[PDB]
Amino acid sequence: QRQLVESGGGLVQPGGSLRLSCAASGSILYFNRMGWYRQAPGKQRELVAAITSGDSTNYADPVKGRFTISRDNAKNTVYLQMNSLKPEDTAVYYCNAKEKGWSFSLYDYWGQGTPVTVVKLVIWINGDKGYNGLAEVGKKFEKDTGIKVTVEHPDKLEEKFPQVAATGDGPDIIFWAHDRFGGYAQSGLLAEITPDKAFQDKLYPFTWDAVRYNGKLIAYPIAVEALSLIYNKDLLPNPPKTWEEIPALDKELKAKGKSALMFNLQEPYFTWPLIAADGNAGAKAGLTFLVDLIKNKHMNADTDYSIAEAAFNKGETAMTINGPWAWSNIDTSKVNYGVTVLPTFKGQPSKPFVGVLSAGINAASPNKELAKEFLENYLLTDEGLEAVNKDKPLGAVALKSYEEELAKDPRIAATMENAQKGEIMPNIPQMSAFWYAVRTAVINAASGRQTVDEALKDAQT
Ligand SMILES: OC[C@H]1O[C@H](O[C@H]2[C@H](O)[C@@H](O)[C@@H](O)O[C@@H]2CO)[C@H](O)[C@@H](O)[C@@H]1O
């Protein structure tokens, strides 16, 4: 009897190649047609290619241009060279031979089947974090397993993720502070995390609470973040302990062609500490001072992340407000910088919002157990968090083993000093609408459209 035996089925990266071969126990000269069919999980039989005894090859539109069907009558084998592979190609590939016997009737022959998996582990993390370091962890993952790990940093990913992941494929894992994850959890865009006790015990029990929505773990905690006052020790050795003495320092510094403080005023995360310093009366008091700085021409109206970072790094401003991640770019510049407590306002301290960088698995991903492996056994490790921290600092990492190395850093001490004066963000689904209401309120008052009293009116609604 005639029997078809397929081979060449394995895992590859999108763009890579695979050569399937289907050998028979008889002469291919007797077969009229030979061809390859594919069946993905829970789908119908799909013909990809075929070759007739008359040497004419036909293909399907998806594989056309990428796959070629070859035949070797010596080796009694038909071949499918698959090049420039994609995740859509993934399926169990089957070989097929049709034989017209001496009489009118024919004989269809089939084989065992060969599995072909085109897998890619794609990660979404903000461009202000250590993505090159996260890629080095990803490169160590592909060495030990064989799965490609591409790291992406698209703009507005906090609001691009729920639109793309809901409809399209999106990423396998999403990295963002824990506050945005309650909205993703309510919407049903995140798979429930089920980590073993041994792994759970490696991180601080307080970090696991931040990534918990309605008694379910929705992400893996990476590190604790908190804004701090970064200052040039050469332009300013004894920096301000209070916000109210900055205008005086700016008058002193503008005479020498320098600014006192430049920080991102567009994003409300950076203005919120001053706004929530006293408290309402505390928000009105806090925002009026911020408006007075711009009204007195001390701070520019459209001060964004790029022109504030560049200004501090160039040595044009004496101070700036930024997180752990920002230190690597200052180290690169020739600036003798210092990280310290945020200035006090009306005697009380500025209360920043404490974020917990967390990795959540996308609910609409087929690579859930592969991402768990990556997050647990490779990223959340002493070696994995080191590779990320040396690119761009993570902040006070959630990993228990790092406690001594974090306690040796003068800047992590200033970050924890500000984190204690601040408070952790509630993960609730309303955070998105809240953050939008504060973002608009600050921009309107900064530019000069709405009054400080009318800003809190529209924001409280
Ligand atoms: O600005 C509002 C924005 O603030 C926080 O985002 C931070 C993020 O947590 C940090 O890790 C860093 O990337 O900067 C972001 C601000 O530029 C909140 O997490 C986010 O919800 C909110 O939109």
# chains A, B, ... in the order shown; residues from 1 in each chain; ligands from 1
call {"tool": "residues_near_ligand", "arguments": {"ligand": "ligand 1", "cutoff": "8 Å", "atoms": "only C-alpha atoms and all ligand atoms", "output": "NGL selection string"}}
result
:A and (126 or 128-129 or 158 or 176-180 or 225 or 266-270 or 305 or 323 or 355-357 or 431-432 or 435-436 or 439)
call {"tool": "write_last_selection", "arguments": {"atoms": "N, CA and C atoms", "output": "mmCIF file, in the first residue's frame"}}
result
data_model
loop_
_atom_site.group_PDB
_atom_site.id
_atom_site.type_symbol
_atom_site.label_atom_id
_atom_site.label_comp_id
_atom_site.auth_asym_id
_atom_site.auth_seq_id
_atom_site.Cartn_x
_atom_site.Cartn_y
_atom_site.Cartn_z
ATOM 1 N N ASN A 126 6.134 51.864 27.617
ATOM 2 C CA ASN A 126 6.356 53.273 27.268
ATOM 3 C C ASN A 126 7.809 53.567 26.875
ATOM 4 N N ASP A 128 9.648 56.006 27.537
ATOM 5 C CA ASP A 128 10.488 56.573 28.595
ATOM 6 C C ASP A 128 11.028 55.492 29.558
ATOM 7 N N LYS A 129 10.886 54.179 29.232
ATOM 8 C CA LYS A 129 11.364 53.066 30.056
ATOM 9 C C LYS A 129 12.460 52.282 29.319
ATOM 10 N N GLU A 158 -1.396 53.820 26.498
ATOM 11 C CA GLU A 158 -2.376 53.671 27.578
ATOM 12 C C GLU A 158 -3.818 53.725 27.042
ATOM 13 N N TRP A 176 2.337 49.163 31.987
ATOM 14 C CA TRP A 176 1.907 50.508 32.344
ATOM 15 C C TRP A 176 1.723 50.555 33.886
ATOM 16 N N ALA A 177 1.701 51.742 34.508
ATOM 17 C CA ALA A 177 1.430 51.844 35.954
ATOM 18 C C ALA A 177 0.078 51.158 36.272
ATOM 19 N N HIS A 178 -0.039 50.534 37.439
ATOM 20 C CA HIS A 178 -1.250 49.794 37.847
ATOM 21 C C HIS A 178 -2.600 50.566 37.824
ATOM 22 N N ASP A 179 -2.601 51.909 37.810
ATOM 23 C CA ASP A 179 -3.848 52.687 37.843
ATOM 24 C C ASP A 179 -4.766 52.473 36.631
ATOM 25 N N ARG A 180 -4.177 52.289 35.434
ATOM 26 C CA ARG A 180 -4.922 52.076 34.186
ATOM 27 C C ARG A 180 -5.495 50.655 34.039
ATOM 28 N N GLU A 225 7.204 53.511 41.499
ATOM 29 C CA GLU A 225 7.625 54.765 40.891
ATOM 30 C C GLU A 225 7.078 55.928 41.680
ATOM 31 N N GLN A 266 2.191 69.563 30.630
ATOM 32 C CA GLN A 266 1.107 69.018 29.800
ATOM 33 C C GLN A 266 0.464 67.804 30.477
ATOM 34 N N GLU A 267 1.293 66.853 30.931
ATOM 35 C CA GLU A 267 0.825 65.653 31.622
ATOM 36 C C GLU A 267 0.494 65.995 33.092
ATOM 37 N N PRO A 268 -0.752 65.741 33.570
ATOM 38 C CA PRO A 268 -1.124 66.125 34.950
ATOM 39 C C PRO A 268 -0.459 65.364 36.103
ATOM 40 N N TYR A 269 0.219 64.253 35.817
ATOM 41 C CA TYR A 269 0.958 63.450 36.792
ATOM 42 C C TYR A 269 2.069 64.252 37.461
ATOM 43 N N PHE A 270 2.676 65.189 36.716
ATOM 44 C CA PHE A 270 3.787 66.010 37.191
ATOM 45 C C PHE A 270 3.346 67.271 37.955
ATOM 46 N N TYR A 305 7.557 67.266 28.120
ATOM 47 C CA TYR A 305 8.601 66.361 28.607
ATOM 48 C C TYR A 305 9.931 66.570 27.872
ATOM 49 N N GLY A 323 10.841 61.023 37.134
ATOM 50 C CA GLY A 323 10.921 59.748 37.831
ATOM 51 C C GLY A 323 12.224 58.999 37.662
ATOM 52 N N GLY A 355 2.945 55.200 41.506
ATOM 53 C CA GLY A 355 2.626 54.212 40.488
ATOM 54 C C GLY A 355 3.413 52.938 40.694
ATOM 55 N N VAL A 356 2.842 51.824 40.243
ATOM 56 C CA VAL A 356 3.474 50.513 40.307
ATOM 57 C C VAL A 356 3.511 49.997 38.879
ATOM 58 N N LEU A 357 4.686 50.023 38.237
ATOM 59 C CA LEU A 357 4.822 49.504 36.870
ATOM 60 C C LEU A 357 4.434 48.032 36.896
ATOM 61 N N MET A 431 -10.414 56.075 36.716
ATOM 62 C CA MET A 431 -9.112 56.772 36.618
ATOM 63 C C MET A 431 -8.872 57.450 35.260
ATOM 64 N N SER A 432 -9.347 56.834 34.158
ATOM 65 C CA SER A 432 -9.180 57.369 32.803
ATOM 66 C C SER A 432 -9.888 58.707 32.639
ATOM 67 N N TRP A 435 -8.117 61.316 35.101
ATOM 68 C CA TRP A 435 -6.890 61.829 34.484
ATOM 69 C C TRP A 435 -7.140 62.773 33.305
ATOM 70 N N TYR A 436 -8.195 62.524 32.506
ATOM 71 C CA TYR A 436 -8.557 63.406 31.393
ATOM 72 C C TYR A 436 -9.047 64.757 31.940
ATOM 73 N N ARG A 439 -6.063 66.675 33.199
ATOM 74 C CA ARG A 439 -5.209 67.060 32.065
ATOM 75 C C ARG A 439 -5.745 68.319 31.377
#
call {"tool": "residues_around", "arguments": {"residues": "residue 145 in chain A", "least_positions_apart": "6", "cutoff": "12 Å", "atoms": "only C-alpha atoms", "output": "list in words"}}
result
residues 11, 12, 13, 119, 120, 121, 138, 139, 370, 371, 373, 374, 377 and 378 of chain A
call {"tool": "select_by_dssp", "arguments": {"residues": "range 330-451 of chain A", "states": "alpha helix (DSSP H)", "output": "ChimeraX atom specification"}}
result
/A:330-332,368-373,382-389,403-407,410-421,431-447
call {"tool": "atom_distance", "arguments": {"atom1": "CA of residue 397 in chain A", "atom2": "CA of residue 420 in chain A"}}
result
15.4 Å
call {"tool": "residues_around", "arguments": {"residues": "range 408-415 of chain A", "least_positions_apart": "2", "cutoff": "6 Å", "atoms": "only C-alpha atoms", "output": "PDB file with C-alpha atoms, in the first residue's frame"}}
result
ATOM      1  CA  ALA A 226       7.429  58.226  42.419  1.00  0.00           C
ATOM      2  CA  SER A 228      11.297  63.525  42.870  1.00  0.00           C
ATOM      3  CA  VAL A 339      17.534  63.727  43.447  1.00  0.00           C
ATOM      4  CA  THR A 340      15.719  65.072  46.544  1.00  0.00           C
ATOM      5  CA  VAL A 341      12.384  65.588  48.308  1.00  0.00           C
ATOM      6  CA  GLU A 405      21.004  47.331  46.296  1.00  0.00           C
ATOM      7  CA  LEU A 406      18.026  49.757  46.398  1.00  0.00           C
ATOM      8  CA  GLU A 417      10.879  59.786  50.669  1.00  0.00           C
ATOM      9  CA  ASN A 418       8.477  61.274  48.073  1.00  0.00           C
TER      10      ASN A 418
END
call {"tool": "closest_residue", "arguments": {"among": "A:184, A:309, A:336, A:202", "to": "residue 235 in chain A", "atoms": "only C-alpha atoms"}}
result
A:336
call {"tool": "residues_around", "arguments": {"residues": "residue 237 in chain A", "least_positions_apart": "3", "cutoff": "10 Å", "atoms": "only C-alpha atoms", "output": "MDAnalysis selection string"}}
result
chainID A and resid 231:234 240 318 337:338
call {"tool": "write_last_selection", "arguments": {"atoms": "N, CA and C atoms", "output": "mmCIF file, in the first residue's frame"}}
result
data_model
loop_
_atom_site.group_PDB
_atom_site.id
_atom_site.type_symbol
_atom_site.label_atom_id
_atom_site.label_comp_id
_atom_site.auth_asym_id
_atom_site.auth_seq_id
_atom_site.Cartn_x
_atom_site.Cartn_y
_atom_site.Cartn_z
ATOM 1 N N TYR A 231 17.886 68.101 40.712
ATOM 2 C CA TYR A 231 18.509 69.431 40.716
ATOM 3 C C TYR A 231 20.011 69.423 40.384
ATOM 4 N N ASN A 232 20.470 70.462 39.660
ATOM 5 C CA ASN A 232 21.881 70.621 39.313
ATOM 6 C C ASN A 232 22.599 71.194 40.531
ATOM 7 N N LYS A 233 23.513 70.408 41.120
ATOM 8 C CA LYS A 233 24.282 70.821 42.300
ATOM 9 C C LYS A 233 25.251 71.977 42.005
ATOM 10 N N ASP A 234 25.680 72.121 40.740
ATOM 11 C CA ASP A 234 26.615 73.164 40.337
ATOM 12 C C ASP A 234 25.898 74.509 40.224
ATOM 13 N N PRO A 240 15.700 74.566 46.835
ATOM 14 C CA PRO A 240 14.529 74.896 47.652
ATOM 15 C C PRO A 240 13.836 73.732 48.339
ATOM 16 N N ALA A 318 17.955 74.892 36.493
ATOM 17 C CA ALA A 318 18.571 74.404 37.725
ATOM 18 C C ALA A 318 17.877 73.161 38.253
ATOM 19 N N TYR A 337 24.065 65.960 38.992
ATOM 20 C CA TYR A 337 22.684 66.027 39.451
ATOM 21 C C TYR A 337 22.475 65.389 40.805
ATOM 22 N N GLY A 338 21.366 65.776 41.413
ATOM 23 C CA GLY A 338 20.928 65.291 42.710
ATOM 24 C C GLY A 338 19.422 65.145 42.737
#
call {"tool": "residues_around", "arguments": {"residues": "residue 193 in chain A", "least_positions_apart": "6", "cutoff": "10 Å", "atoms": "only C-alpha atoms", "output": "ChimeraX atom specification"}}
result
/A:211-212,216-220,360-361,368,372
call {"tool": "select_by_dssp", "arguments": {"residues": "range 81-204 of chain A", "states": "strand (DSSP E)", "output": "PyMOL selection string"}}
result
chain A and resi 81-82+91-100+106-110+114-118+120-124+148-152+173-177
call {"tool": "atom_distance", "arguments": {"atom1": "CA of residue 398 in chain A", "atom2": "CA of residue 358 in chain A"}}
result
9.9 Å
call {"tool": "atom_distance", "arguments": {"atom1": "CA of residue 155 in chain A", "atom2": "CA of residue 127 in chain A"}}
result
7.9 Å
